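Listed next as structure tokens: two forms of one protein chain, kept apart as structure 1 and structure 2.
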Structure 1
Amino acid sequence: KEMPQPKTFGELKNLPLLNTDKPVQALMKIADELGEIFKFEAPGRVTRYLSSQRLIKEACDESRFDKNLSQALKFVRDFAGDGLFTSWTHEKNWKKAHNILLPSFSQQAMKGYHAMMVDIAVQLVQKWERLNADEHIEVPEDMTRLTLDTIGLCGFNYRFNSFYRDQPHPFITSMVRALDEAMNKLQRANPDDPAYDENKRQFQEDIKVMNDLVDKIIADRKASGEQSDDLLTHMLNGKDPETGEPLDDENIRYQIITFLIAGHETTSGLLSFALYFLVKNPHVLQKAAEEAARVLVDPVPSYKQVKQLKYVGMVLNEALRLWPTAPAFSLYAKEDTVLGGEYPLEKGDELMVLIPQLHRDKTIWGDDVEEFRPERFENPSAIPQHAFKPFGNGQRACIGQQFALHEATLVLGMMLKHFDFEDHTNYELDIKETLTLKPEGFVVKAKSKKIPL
């Protein structure tokens, strides 16, 4: 038996299949054709793409597999360094930072961020309240304004002031370019070829821009009168219980970059996909809006009120089921092992978890997997182990999950309280890929229900 494998291109093997602006969606189509596992080869390189809960539950066994840095993350690492997202589990700075930063996502920490999330959310609601009758909303663009500003303010007491800008913040444009450069480094035979000299200068330029802003954040804090108690406070002061050490300056810098990027992009995607699915499913929108009106009785939502937005949470999880905005993660075999009783693996062999395919596993979810039905999440405990993995796995799972979900629930709740939404262009879903996923060109009209803040 040979493991299923998609079409090859001679000595380039499968590599040309990733020569596309939508590689994840291409891989999903391949997964549909070949099933729960396929081999993917390139010159000097191999991985295996997993799509079924049957195989992914084994892959999520931390005694057998550990987080691997995919080739994309290896290039992200050139500017994210040994930050949490791009560090190996066995690097000293992973476990230190993990221990040091987990308290920044405690219950008491989340209550502490609430007021500043509301600040940015109110700015969003006011922007939309202030639009003229003709005008429309550019959804992913405004969601990115919100999520970037929220992480900036909550995490670093720094105001990006994205709602004061027509263009995206220069950080965003550099970040997008740097992440695209990482996605396109995958294809290049002979990386040191003189033809790619300008891309390396452009890459060093974009990194410079992100790093310049990290300096501005550091200096703002250094010469600050106020006494914060946020993510940066913990990076600067906090001590790891195990080693007894704090993070050094080089690592703190990497953590800031990491949190700025990981701390907004996927969350903007989530809010965009959620609103997309709501406007395409009006009965679901109505149910979510009824909850928002019932629960959000005060002009400013409370922490407790956001926690009571059960259905809005269900809407968000269902959006994550269909379009998990960080759609893959990578694993390597810790020792020789046999996957599924059928596929033998040697130490160091790599796996890719194709999350959107896991989330369409019919043996877990039933036959209607393409339908947007938030009621699937009525009781989240009903979902089998390792069936729903939009925040990854185990000790290497998303540290910011609860942050992302609180922000998204708050903002979507406020959006549904304050506005009726019109899919005025009958938008055809078009998913842009930049490692992460977004509905490009998604636009709506928002008719104010006229409720004061």
Structure 2
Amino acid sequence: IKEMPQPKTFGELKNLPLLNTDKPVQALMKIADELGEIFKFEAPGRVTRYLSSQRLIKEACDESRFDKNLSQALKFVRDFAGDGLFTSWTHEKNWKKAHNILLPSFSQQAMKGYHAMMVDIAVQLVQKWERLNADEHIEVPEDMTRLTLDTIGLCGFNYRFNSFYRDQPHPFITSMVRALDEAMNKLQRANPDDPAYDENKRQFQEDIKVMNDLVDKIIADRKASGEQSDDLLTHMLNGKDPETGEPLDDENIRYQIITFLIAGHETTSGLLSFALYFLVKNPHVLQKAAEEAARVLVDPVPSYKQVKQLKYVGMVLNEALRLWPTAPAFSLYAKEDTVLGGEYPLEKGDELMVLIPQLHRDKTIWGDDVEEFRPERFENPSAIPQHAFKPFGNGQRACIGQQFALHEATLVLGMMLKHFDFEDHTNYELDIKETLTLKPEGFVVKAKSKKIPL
């Protein structure tokens, strides 16, 4: 039985001021490097234990001993995401109901149905970049957000955000991003009631109204038209939980649409932005990926089967998720009194945080070269030990969108690498913006067309 280390304290505020930074996850990664596989993090009224080793995280991922916790971050996100899939407790009736109704919409098989709509948005991205003039550059995260938001809008709800027809952000996306940012900002407030935050709270309620108004209109419009689109909204309006036999109520459907739009856009746009970052910084890897895209994507429009043949592109995406998993932590609570790793006694209800980027740098799993971008680590996926690679979380509370995201990102990155050569014309210095999700900020490139027609 060992005492776990704890980072520097600030008297009565304990560790809370360590979160007073626009990059809290990167701060916690540096703390993990200094303190090791486990450390105590205390704020007034809460304790959590940050885990960084596969040795301890494999135990935390035992669903008989630990269940998903709503971290302080998710409790704040629940103010707009309600009891949607992401911000519901496993024991809430609406978690299992929504999970059972929506799971078949998100299988590898279901991806065949979404494919044509993913291509629609991917072709818009390629056409945008083909139409740039000499000496113009690409704003990578901005264009990846346009792509991932439009893809989930169209595939999920048959709704066109038409993000590529706008050079200033969609009003809905302004509110979504600011709502997420307010959730992260609430984490570091020593005094949440300080009048300095009154404007932030008024803006938060305005942003919630913007999101609700659009979503509730989409639900009402679909109900009024009677249209069957075989999209997520169709499945949610018509679907019945096999267990309870109940449908979702209109309120829960609204929270699911908000949840899908936010998670769908934020995480996947981060992945594509990090993937392109690593490719232009590792030109040997860019060349391997570009050769595969050129050899496999022989048709103007990729087919579903051709996307499944982009093996190296898939390894590139997994290696980007290893280094910068875009939803970089998940929280667990102990179901009963238990001992973690034969050394750390826990009481029923005790919180754990899995620090995914640190897990993914565990030298006992990956070897000494853990900072290197080497997609070949994933060439034999079976070689990866249990619970060593967790970019989609764990068990029944794992990402429902995993197949969706990886199909979209593989298709899009394949088309990008088929159609363009890329130049890191600014020698971009990685700047990772945190809004609970991670994405490169200020990342620009030049694309030179290979002049291959669509």
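FYI, numbering is relative to structure 1, first residue = 1. C-alpha atoms forming the largest set that superposes within 1.5 Å between two forms make up the rigid core.
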| query | finding |
| --- | --- |
| Flagged residue of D197, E250, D367, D298 - C-alpha shift reaching 2 Å or more between structures 1 and 2, core superposed | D197 |
| Rigid core fit then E226 CA moved by 2 Å or more between structures 1 and 2 | yes |
| Rigid core superposition, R188 Cα moves 2 angstroms or more between structures 1 and 2 | yes |
| Rigid core superposed: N237 CA moves 2 Å or more between structures 1 and 2 | no |
| Distance moved by the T173 C-alpha between structures 1 and 2 (core-aligned, Å) | 1.0 |
| Per-residue CA shift, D215 (Å; core superposed between structures 1 and 2) | 2.4 |
